[PDB]
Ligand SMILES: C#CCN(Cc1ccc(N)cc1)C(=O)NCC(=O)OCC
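Before any questions on binding or motion, here is one chain by itself as structure tokens, the form deposited without the ligand.
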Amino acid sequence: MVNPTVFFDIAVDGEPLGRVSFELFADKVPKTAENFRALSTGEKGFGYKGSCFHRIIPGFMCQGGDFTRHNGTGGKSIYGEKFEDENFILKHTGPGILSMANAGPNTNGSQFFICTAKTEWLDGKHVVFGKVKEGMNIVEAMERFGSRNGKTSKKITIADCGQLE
């Protein structure tokens, strides 16, 4: 079979780091993947090519993007507040793993966190539905510009994103 893939042009203060995609196992997590996909693809109806990153922990994991009604013109998980617990067929077995961190329990939303290291401490604490497709070098660069707490000096944002296949 074949799963959908989407890229995410990671920028740093205006300077694009390069290319960073993730292989979303829509086959195992279509309900969760369809979300990040429908958005990145734009089929969602509007999406949001930009987002913002201000929580990168070099040693545990990073952050994705959130938007609803904190700054304005927010959105959602292309299905209301969020969905329900789907499954964990893909347990964090190493770095470059994608998941959801919108809240945890029945809250896949779209607040993933680039797993920069097998997060076993979580143990089925979320829902995994992706994995660094290509350009891992980019994920390694960000870890260098991250603080051991969350915040960071540089501003990481998404310039462009869409389906690859």
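Quick note: we count residues from 1 along the sequence shown, nothing fancier.
In what follows, reference is made to the form solved in complex with the ligand, a form of this protein that is not presented.
Q | Open or blocked, once the ligand is placed by superposing site C-alphas in the bound PDB entry (3+ ligand atoms within 2.4 Å of backbone or C-beta means blocked) | A | After superposition, the ligand runs into the main chain and C-betas, so blocked.
Q) Can any non-hydrogen atom of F60 be found within 4.5 angstroms of the ligand in the bound PDB entry? A) Yes, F60 lies within 4.5 Å of the ligand in the bound PDB entry.
Q) in the bound PDB entry, does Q111 have a heavy atom within 4.5 Å of the ligand? A) Yes, contact at 4.5 Å.
Q) With a 4.5 Å heavy atom cut-off, would you call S51 a contact of the ligand in the bound PDB entry? A) Because no heavy atom of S51 falls inside 4.5 Å of the ligand in the bound PDB entry, the answer is no.
Q. Are there residues in 121 to 136 with a heavy atom within 4.5 Å of the ligand in the bound PDB entry, and which are they, in order?
A. Those in contact are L122, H126.
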